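Peer 1: Here come the first chain(s), positioned as in the complex:
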Amino acid sequence: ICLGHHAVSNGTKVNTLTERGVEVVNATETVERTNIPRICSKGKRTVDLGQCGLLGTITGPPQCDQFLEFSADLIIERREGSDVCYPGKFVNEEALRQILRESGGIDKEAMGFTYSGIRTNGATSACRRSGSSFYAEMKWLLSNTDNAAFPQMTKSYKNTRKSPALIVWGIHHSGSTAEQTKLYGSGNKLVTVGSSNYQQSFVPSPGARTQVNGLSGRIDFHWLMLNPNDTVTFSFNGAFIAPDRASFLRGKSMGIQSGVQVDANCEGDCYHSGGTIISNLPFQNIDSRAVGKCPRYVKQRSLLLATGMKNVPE
């Protein structure tokens, strides 16, 4: 009686510690390459921001009117999204984006700022609703008449919650100096913010910029995290866009940037801009910047793991 083993006519070459191209009976792939060209969000509270920018949800441009108090496990940023309606920019922009991506949503609460002898509702044609409007969560502080002056005010807000409050204010840089005097009066203005962990400073800079949306002025946006039982203080005397409501983080969530559609039919925990990586394999060669619960990215396109003996045919 003779003993032997099985074999096949077409095996699979794998690599070992000693050779490169050992034909075995069976092998399986360990590096994932299959991609699902959509955002698999089955069973997840998803918010597709679309034309609304993530930071806009705190300030409230017209394109973010339906995202002022969203709640999600998964947040999707789109390339067409915009944070602003009036031309401007955020300071510490990406840090705030990363804070908002894992926030689980935002909850707005009025800060209760009362003013006297001042204009509190400045508008512009760039932020269009029924007509010329402004950021829904902000207040453009101007002057009583077409010039006049700007009385120096000091406002304070104490976060009366157990969670830190996201405070966002704005500083207007008009297209020239005469515009700054038309809106806030003559003289050099200042905006100082104080609390127990933050210390600034600020000052405007009027000048002609590029005509974004047809306007040469800009608006700086600044933010801080006010701890519980701590007070934020704004001592200003011109060029100030005060916060109307403060934001609170709801919980936890996942934030991604994508350009493919959402699919509630498939489930996934590993996302990239091109879709979802549904796989049990320990490695992937699809996207090195994939986020979520992903296999580790590797440079190799394929790494075949032997699942059988060496194929020795006649």
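Peer 2: The structure has been received and is ready for your questions. Residues are numbered from 1 along each chain as shown, chains lettered A, B, ... in the order given.

Peer 1: So residue A:194 sits against residue A:235, correct?
Peer 2: Yes. Taking Cβ atoms under 8 Å as the definition, residue A:194 is a contact partner of residue A:235 at 7.5 Å. Backbone N, C-alpha and C define where each C-beta goes, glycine included.

Peer 1: Just the buried positions in stretch A:192-201, please.
Peer 2: By neighbour count on 16 or more other Cβ atoms under 10 Å, the buried set for stretch A:192-201 is A:193, A:195, A:198.

Peer 1: nearest residue to the spatially most central residue of chain A other than its sequence neighbours?
Peer 2: The residue lying closest to the centre of chain A (Cα atoms, centre = their mean) is residue A:97, at 3.3 Å. Once flanking residues are discounted, residue A:97 sits nearest to residue A:54: 5.4 Å by Cβ to Cβ, 6 or more residues apart in numbering.

Peer 1: What's the separation between that neighbour and residue A:283?
Peer 2: From residue A:54 over to residue A:283 the distance is 31 Å, taken as Cβ to Cβ, to the nearest Å.

Peer 1: Which one of those two is surrounded by more residues?
Peer 2: residue A:54 (26 against 18; other Cβ atoms under 10 Å).

Peer 1: picking up where we left off before, got the contact list for the residue nearest to residue A:97?
Peer 2: By Cβ atoms under 8 Å, 6 or more residues apart in numbering, residue A:54 lies in contact with A:75, A:77, A:81, A:83, A:97, A:100-101, A:255.

Peer 1: Using the three-state scheme, assign it.
Peer 2: Using DSSP: H, G, I helix; E, B strand; the rest coil, the structure places residue A:54 in coil.

Peer 1: Look up phi and psi at it.
Peer 2: When read as degrees, to the nearest 10, the backbone of residue A:54 gives phi -60, psi -40.

Peer 1: any chance you could map the helices in the stretch 101-250 of chain A?
Peer 2: Listed in chain order, the helices of the stretch 101-250 of chain A (DSSP state H, counting those that start in this stretch) span A:177-184.

Peer 1: From residue A:165, how far off is the residue lying closest to residue A:158 once chain neighbours are set aside?
Peer 2: Nearest residue to residue A:158, sequence neighbours excluded (Cβ to Cβ, 6+ apart): residue A:231, at 4.4 Å. Distance, residue A:231 to residue A:165, using Cβ to Cβ: 11 Å.

Peer 1: and if you look at residue A:74?
Peer 2: Taken as Cβ to Cβ, the span from residue A:74 to residue A:165 is 24 Å.

Peer 1: Comparing these two, which shows the higher neighbour count?
Peer 2: Using other Cβ under 10 Å as the criterion, residue A:74 and residue A:165 rank with residue A:165 on top: 25 against 22.

Peer 1: ok, the more buried one to residue A:212 distance?
Peer 2: 30 Å.

Peer 1: next one is chain B, place it on the structure:
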Amino acid sequence: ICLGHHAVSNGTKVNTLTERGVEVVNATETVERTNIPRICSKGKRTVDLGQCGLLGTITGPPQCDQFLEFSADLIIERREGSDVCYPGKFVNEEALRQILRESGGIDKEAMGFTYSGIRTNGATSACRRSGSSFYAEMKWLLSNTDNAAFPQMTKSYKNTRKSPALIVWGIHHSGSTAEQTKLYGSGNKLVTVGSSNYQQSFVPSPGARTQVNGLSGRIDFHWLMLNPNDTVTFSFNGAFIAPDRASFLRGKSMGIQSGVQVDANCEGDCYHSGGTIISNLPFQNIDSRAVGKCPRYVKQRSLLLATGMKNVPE
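Peer 2: Let me put chain B in with the others:
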């Protein structure tokens, strides 16, 4: 005659490349979990800062009067520690903390700044010694009388040592503009610092802040490293808190943040906030932010290594 191997009635299950739960005769742990709830500092020059903040040792608030020239191999920061007596903050705070943690201590040396026609000893009730005092290593530069003006001065210090000198100065932001005119006179002030690697700039911002310690004013603290045979220059004209002494790094040391007591009976080289990790194992599951000479942190609570054959009982 028959041959065989030994066995036990209760072995230890381990994991291999093929199975999960193979009972072997003996096994030992590779992931450390035992923690010593104290700072083991046997044979080390230790400085427990306590109520003194690490950065305060450079400026010298009343709680840091006994730490102005410390020397240590191990520096311990405490949660009750404070860097300031008058409300304020450091710029590039954490970088300076990291410089001071591995400094081996500090050595103070007078910088020899002489002034004329000015007040050099401003005090406050927040920094209390015998009465109203100030930072021991700083000089609050005020005006001769209750108002007057502030003559623009230019001071220079050449580091005459072979080691870089830590230079720290302050800029006062009073609670309002009238206070700034009472202390330094009317007008917009400036503080410029120059040398061969540094270039600034600075300017105050008076305004009402929160009442920390009962005061609405703040004090900015700035610092730089002056190379040997290099000169630092301060050209200022108001709102200036000049350095009285410069600091030099003694050598090398270890810096940790903890809330447990010090123990000179045990020795350790791996510390975290909860105590000391005394272990020879290659891995630990106690604290991922442990510092010093530590085993590598792993997520697994336990990883049993087989030290005997497979247990095959009857």
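
Peer 1: Check the buried residues of stretch A:192-201 one more time with chain B there.
Peer 2: Within stretch A:192-201, the residues that count as buried by 16 or more other Cβ atoms under 10 Å in any protein chain shown are A:192-196, A:198-199.

Peer 1: ditto for stretch A:165-178
Peer 2: For stretch A:165-178, using 16+ other Cβ under 10 Å, the buried residues are A:165-175.

Peer 1: Checking that stretch against chain B, do any of its residues make contact.
Peer 2: No. Using Cβ under 8 Å from any Cβ of the partner chain, we find that stretch A:165-178 stays clear of chain B, coming within 13.1 Å at best.

Peer 1: How far off centre is that stretch?
Peer 2: Taking the mean of its C-alpha atoms, stretch A:165-178 sits 21 Å from the chain's own mean (Cα atoms, centre = their mean, to the nearest Å).

Peer 1: With just CA atoms, put that stretch into CSV.
Peer 2: Extracted in CSV, the C-alpha atoms of stretch A:165-178 (Å, rounded to 0.1, in the frame of the first residue of the first chain):
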residue,chain,number,x,y,z
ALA,A,165,-20.1,76.1,25.1
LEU,A,166,-18.8,76.9,21.6
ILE,A,167,-18.4,80.7,21.4
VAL,A,168,-18.0,82.2,17.9
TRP,A,169,-17.7,86.0,17.2
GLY,A,170,-16.8,88.0,14.1
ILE,A,171,-14.8,91.0,13.2
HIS,A,172,-15.5,93.0,10.0
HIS,A,173,-12.7,94.2,7.8
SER,A,174,-14.5,96.7,5.4
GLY,A,175,-13.3,97.4,1.9
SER,A,176,-11.7,100.7,3.0
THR,A,177,-11.4,103.1,5.9
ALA,A,178,-14.3,105.4,4.8
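
Peer 1: In chain A, which residue sits nearest chain B?
Peer 2: At 3.0 Å from chain B, residue A:194 is the closest residue in chain A, using Cβ to the nearest Cβ.

Peer 1: Enumerate every residue touching that residue.
Peer 2: A:232-233, A:235, B:207-210, B:216, B:218 (Cβ atoms under 8 Å, 6 or more residues apart in numbering or on different chains).

Peer 1: Quickly note the distance from the residue nearest to it when sequence neighbours are not counted to residue B:91.
Peer 2: Sequence neighbours aside, residue B:209 is the residue nearest to residue A:194 in space, at 3.0 Å (criterion: Cβ to Cβ, 6 or more residues apart in numbering or on different chains). Separation of residue B:209 from residue B:91 (Cβ to Cβ): 16 Å.

Peer 1: Look at these two and report which has more neighbours.
Peer 2: Neighbours per residue (other Cβ atoms under 10 Å in any protein chain shown) separate residue B:209 from residue B:91, with residue B:209 holding more: 27 against 14.

Peer 1: Surely the more buried one is in contact with residue B:217?
Peer 2: Yes. Using Cβ under 8 Å, residue B:209 is in contact with residue B:217, at 6.9 Å.

Peer 1: who touches both of those two?
Peer 2: Overlap of the contact sets of residue B:209 and residue B:217 (by Cβ under 8 Å, 6+ apart) consists of B:87, B:173, B:175.

Peer 1: extra chain here, label it chain C:
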Amino acid sequence: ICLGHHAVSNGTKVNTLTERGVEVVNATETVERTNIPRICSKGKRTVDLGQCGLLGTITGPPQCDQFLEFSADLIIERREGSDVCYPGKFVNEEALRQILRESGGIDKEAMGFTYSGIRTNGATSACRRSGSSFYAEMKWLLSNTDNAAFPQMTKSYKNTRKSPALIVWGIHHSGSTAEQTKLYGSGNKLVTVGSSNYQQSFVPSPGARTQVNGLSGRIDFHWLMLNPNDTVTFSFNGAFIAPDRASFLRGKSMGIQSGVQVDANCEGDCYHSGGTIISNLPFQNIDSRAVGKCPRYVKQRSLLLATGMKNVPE
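Peer 2: With chain C added, the chains above now look like this:
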């Protein structure tokens, strides 16, 4: 008949998973220690900057007159290199250095700025060519006469290429206020820069600094990347050093810092300050900051790999 194996009188001790010092017949090294004390650049377009600083190639001090439009696969920074002739410094210096190291060289193009009622050719003895000169790619904007004023101007440049344009401007901080009034007139000046991704701000600070090159004044250098079909805008009213030409990145290159000579006889892809690491081994113990295509740095001086059986002599 008897069977056996070979042996030698002097084997090589290696380390295994169980022992430390097993004598085998033959072994080979896996950690590279041999260093070539020169920059092997055979077959590579190399630019040794020498006395010219990497950032100077954008502004053009006298020592960089032959590097204004270089092209290279390998860029070599030297310790004697200097970015400036007039005392100054770059803001976001290292980021710009890293942009220029892998740029493949730079291509200059005139920006076409026209001025009226102003002085456009300020010079200094620190930037010496035939006599007192200035940065070749910059324009020191002064006043018509020995005092006068500075008319507020607004210039714009649209990048008409398909590649981003490197924009660099300067802001002069004179040795005192009277010098700033002599050069640009009395009053507080400002320089504002605008486009679709950038937003600043700037303002001078006159004061006495250290006498570098015999001068107490400084010059700040700032930069931005202007995207295609985007416009940069400079609205200024004093203390401005305008860009004459903008820079474009040629392609890709390698940037290193070294102090050893160049050798076109040897080829290498792994460089450090001390020379070139020519090796096929997977590890090296020469320099942890080696750059290029290098073996992975390891702490071990040597790791002997067994290439033969265990040596068992009589």
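
Peer 1: again for the buried residues of stretch A:192-201, chain C present now?
Peer 2: Residues of stretch A:192-201 classed as buried: A:192-196, A:198-199 (neighbour count, 16+ other Cβ under 10 Å).

Peer 1: coming back round to it: does the residue nearest to the centre of chain A sit in a helix or strand, and which one?
Peer 2: Assigned by DSSP states H and E, residue A:97 falls within helix A:93-101.

Peer 1: For the residue in chain A positioned nearest to chain C, give me its contacts.
Peer 2: Proximity of chain A to chain C (Cβ to the nearest Cβ) peaks at residue A:209, 3.0 Å away. Neighbouring residues of residue A:209 by Cβ under 8 Å, 6+ apart: A:87, A:173, A:175, A:216-218, C:192, C:194-195, C:233, C:235.

Peer 1: can you tell me how far it sits from residue C:91?
Peer 2: From residue A:209 to residue C:91 the distance is 20 Å (Cβ to Cβ).

Peer 1: And residue A:173, by the same measure?
Peer 2: 20 Å.

Peer 1: repeat for residue A:142
Peer 2: For residue A:142 relative to residue C:91 (Cβ to Cβ), the value is 34 Å.

Peer 1: same thing with residue A:108?
Peer 2: Per Cβ to Cβ, residue A:108 is found 37 Å from residue C:91.

Peer 1: Of the two, which one has the most company?
Peer 2: residue A:108 (18 against 14).

Peer 1: Show the contacting residues for the residue lying closest to that one once chain neighbours are set aside.
Peer 2: Excluding the flanking residues, the one nearest residue A:108 by Cβ to Cβ, 6+ apart is residue A:245, at 4.4 Å. Going by Cβ under 8 Å, 6+ apart, residue A:245 touches A:108-111, A:137.

Peer 1: just checking, residue A:16 touches residue A:23?
Peer 2: No. At 11.5 Å, residue A:16 and residue A:23 do not qualify as touching, with contact defined as Cβ under 8 Å.

Peer 1: neighbour count winner among the two?
Peer 2: More crowded of residue A:16 and residue A:23, by other Cβ under 10 Å: residue A:23, with 17 against 11.

Peer 1: quick one: the one helix or strand the more buried one maps to to chain centroid distance?
Peer 2: Of the helices and strands defined by DSSP H and E, residue A:23 is found in strand A:20-24. Relative to the chain's own centre, strand A:20-24 is displaced by 48 Å; criterion: Cα atoms, centre = their mean.

Peer 1: Would you format the buried residues of stretch A:192-201 as a markdown table with distance to chain C included?
Peer 2: Below are the buried residues of stretch A:192-201 laid out as a markdown table (distance: Cβ to the nearest Cβ, whole Å):
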| residue | distance to chain C |
| --- | --- |
| A:192 | 17 |
| A:193 | 17 |
| A:194 | 21 |
| A:195 | 23 |
| A:196 | 27 |
| A:198 | 19 |
| A:199 | 19 |
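
Peer 1: Quick check: the two most widely separated of these?
Peer 2: Using Cβ to Cβ, the buried residues of stretch A:192-201 span at most 14.8 Å, a distance reached by A:192 and A:196.
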